[PDB]
Structures are given as structure tokens and as C-alpha cells.
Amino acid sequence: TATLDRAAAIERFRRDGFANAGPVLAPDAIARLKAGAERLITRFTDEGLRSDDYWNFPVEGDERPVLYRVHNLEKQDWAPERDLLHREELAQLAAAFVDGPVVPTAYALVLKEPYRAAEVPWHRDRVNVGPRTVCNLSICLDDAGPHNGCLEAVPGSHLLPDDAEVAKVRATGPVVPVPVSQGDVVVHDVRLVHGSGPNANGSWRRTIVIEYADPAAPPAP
């Protein structure tokens, strides 16, 4: 029953604030991104690198800390795979969804370690811009679903006023997960109320999040 429907996906972005747009880059490109990502991750996990851009929380006792983000991803040492961040299809996808020219404003690798991943608390990425003005492209380097720690969102919430309290919005709902296959690109409005659950299961969830913005938009506060 599956389909590929870019126009409907843009419509769902406009209406619900998020959409899975399916594959954007050739599978081989996704594969290299994944490899680059893992090389970034193993430095933390296996070789013991600790830096400001490697966001982690500590666990009680024996455990090594849990890595959940690599910040400033475009600055990190992982050329030549890093160059793939700047494939033209990505910004063109974002420009289409948001219906105007865009410039990337932030690059991150977000991560669910196997077994130990925490949730990401509900939030809105930005509210100092109008709806359909700044979006995040989530390039999924893994299969992700509900009990894996995939993205969850409240449909329509990107349209709520700036002063909307995220907790009343989450408690209201509805809350809908966003299942993805490796290669999928999810695009969501920065105003969207969204989070992700914990990863208690044994798989990674690795995602490259790039923020694209109307160049006339004020910067992140």
C-alpha cells in the first residue's frame, strides 16, 4: 500500500508541521554518511574522545556516558564523507517544502545508543519565526519506529501561538510517531511540538539533522 507522493508530503508538512519525504540521496550516499557518522561515534564510545560538541549524559556506576549528539556536525573531522552534508538535493528539498530559498543554519548528528538512550523531552525548536519559514531535515541513517526512539510529534502544533505551553500541547495531543526507513528524509517545521522516546532496544538510531532557513529569518535566539 506504500506510496511516494512529494506533493502530498509537502501538503502534510504545511498542514501537520512534519512529513516523511522518502529518499533524497542515492543509497550509496546514505551509506557513506552512515559510515562517516559511525566513525564520529566510535571515537567517543571506543577511543574515549570527550569534547564540547559531543553531548552526553552520565549513567550510574560502571557505564561509560551516553552520547546523544554531535553538535556543529559540519565542523567535525570526517571528510570526505562530511562533504555529503552539502549535496544540493538537500537544500532543494527544504526549499520546495518551505516554498522559497533557504540556507543551512545548523548541522547535527543526533543519536540513540542501543539500550541506554534517553528520551528527548518535548519542545519546539524555534518560535521566533513564522510557520513554514525554517525547517529541519532529518536524514535517517537507520530504520526507526515507535519503540526504537523515532520522532514523535503533535500534528498542527507548529501553527500554535508563540506563547503556547509545550506541556499542555503534549497533554492535549494527538501524538503521532514517525516511522522511517534508512534513507528517508523527514522534514519538520521548527515550531513543531515534538520529541522522541527512549531506545531500550538493541539498535542504533542515527540521524543527521540540518536546519534550513528563509535567509530573511532572524537567527536562533
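So that there is no doubt, residue numbering starts at 1 and follows the sequence shown.
- Higher mean CA temperature factor between 52 to 60 and 187 to 195: 52 to 60, per the PDB entry.
- For the pair 151 to 159 and 62 to 70, the mean Cα B-factor is higher in 62 to 70.
- The deposited CA B-factor of residue 8 belongs to the middle third of values across its chain.
- For residue 127, the recorded CA temperature factor ranks within the middle third of the chain's modelled residues.
- Among all modelled residues in its chain, residue 17 ranks in the lowest third by Cα B-factor.
- In the PDB entry, a CA B factor belonging to the middle third of its chain's modelled residues is recorded for residue 97.
- Ranked by Cα temperature factor within the chain, residue 83 sits in the lowest third according to the deposited record.
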